[PDB]
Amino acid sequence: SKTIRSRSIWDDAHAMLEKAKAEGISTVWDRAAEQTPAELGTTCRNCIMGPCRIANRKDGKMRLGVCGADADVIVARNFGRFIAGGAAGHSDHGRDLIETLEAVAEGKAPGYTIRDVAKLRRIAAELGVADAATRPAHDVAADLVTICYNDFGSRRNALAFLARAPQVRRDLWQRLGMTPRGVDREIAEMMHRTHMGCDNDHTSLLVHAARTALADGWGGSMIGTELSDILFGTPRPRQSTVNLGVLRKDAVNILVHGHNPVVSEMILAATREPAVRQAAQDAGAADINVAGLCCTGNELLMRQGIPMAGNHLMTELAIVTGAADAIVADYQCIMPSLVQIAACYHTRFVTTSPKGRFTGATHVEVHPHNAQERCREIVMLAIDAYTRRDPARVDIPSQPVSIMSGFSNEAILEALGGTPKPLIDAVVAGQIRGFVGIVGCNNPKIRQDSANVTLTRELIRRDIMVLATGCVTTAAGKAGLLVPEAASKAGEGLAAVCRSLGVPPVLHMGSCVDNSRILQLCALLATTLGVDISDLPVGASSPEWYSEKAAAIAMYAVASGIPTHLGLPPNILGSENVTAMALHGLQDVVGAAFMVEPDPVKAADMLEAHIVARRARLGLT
């Protein structure tokens, strides 16, 4: 009920921003307003002959760096390191899941099992494990771990999951020098290329940026997605709820934050132990309430139906409620300001990873061999914090909103009858004109979820099915769009298909790493049709992205032949040639390009224009 309303579209955010304003708590929006004044990407710090800056000064000076690099090279090198940082996040995510499966195969991970033995055999046989369908599971698991570790090596010509792509798409990557060879190798070669006096050509630098992101989507992310299903079960459609109202004043509230489900799944298992449940009652709690934040919340939402408290810009406001008893975090997108805001209350801020360290946090390092023991200790710290909660400062806003989740590729095919042919024929008729994966973050520079939900409504109204992943899940869920009754907000053709299957017009497909499910579905549809991915009526969008990670997702979507839209532009506008390559040049190279547009309705026209063109290229109506 102030200028706070210009920061978010949701009521629970307005209620907590007013509560933070009264209690004198600075939020991300406050710090974003101070850092309002390097956005052109024409500043280089790669060596101490600089730092250099490229300008169009009237004197003609500062046109080149000290080494002689121009604006094209400097912008390309900064952009490549931007993509590499995003690929490195998904790289360690998949690597931690590889190490967890190996620990299960060796019997050294108490509490972890192989939840989906059927998927273990199918994935292993697909990647080349001999007799994967009939050998003992732990032996099959060990061979799959070897293949995955070799993709984090330096001897392969191409990643294992790259075989899912159509043949014409693989033959295109090979001719371009774009085929990803190793998940860690392409990250290291990107840092090598952007060193002084190495790669000084903006075209080859951008080609390697696509190759690095392809090592993310078809490598690190896809390995992380498929091993999570093997270790924790393949997600199936199920109902749950979102927004801050999922917190309970009468229960211990444990907020899991981060990305890796290896930690959050064992936290949930610890809260269900009888001795731990009894201890929560001794503290006077009716139950232990686990709620999810960001991607690790998407993980528990897809496989366990655990309610989600919020997304990126909601994590601070979740502690302002005064009901957060513990924040369990591993790594990625955990703003360090959470530690200071948790100090204002009783909230116990716990970190679990050697990579996710925070100055002033309670560190309980979790590993596969002691996860079951350490997570029990973590839940006890939450129960203890419940005893010290300040009752006069608890104000859980709003009421929870119903959602439906768990739409993996296996679940989508099961609703279709085990075959993509019903989905194809619906696209042939003209009921579903195309698919668009809406993915990405929030960003304080844009009213929270305003562009995410707007584009989602515009697309489903034009008979375009939306595949939601990442923090957009919270945006779509709180808009009432993740239920089968949301078909009334879709066009006539899409609504008829949704009511036939009992599914919503927006399918939740998981966390950010689960964007590999979209690649898997796009590769499966292009394979059955016999065409390239650049021929399918597909699209991708990140209207409110912020991280290096979303840029890497957008990059490997473009490199795979999916026209990708970005709300805010990357720090590349200081070079017209790099800008012309990203926006127009890539269209000839890989069959897709980036789209920068802050207007979500206009972006719906551009996404639909690409889709109708690809429908024409298929000779469809």
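Throughout, we count residues from 1 along the sequence that is shown.
- In this entry, residue 37 and residue 38 are separated by 4 to 9 residues of the deposited sequence that lack coordinates.
- Relative to its counterpart among 390-398 and 173-181, 390-398 has the higher mean temperature factor, C-alpha atoms as listed in the PDB entry.
- As listed in the deposited structure, the average C-alpha B-factor of 56-64 and of 556-564 is greater for 56-64.
- If you compare the C-alpha temperature factors of 507, 187, 159, 341 in the entry, 341 comes out highest.
- Looking at 96, 548, 492, 216, the one whose CA carries the top B-factor in the deposited record is 492.
- Annotation for residue 32: C-alpha temperature factor in the highest third relative to the rest of the modelled chain, per the entry.
- When the CA B factors of the chain's modelled residues are split into thirds, the value for residue 315 lands in the highest one.
- In this PDB entry, the Cα temperature factor of residue 82 sits in the bottom third of its chain's modelled residues, the lowest group.
- Among the modelled residues of its chain, residue 26 has a C-alpha B-factor that falls in the highest third, as given in the PDB entry.
- Ranked against the other modelled residues of its chain, the C-alpha B-factor of residue 72 as given in the entry falls in the middle third.
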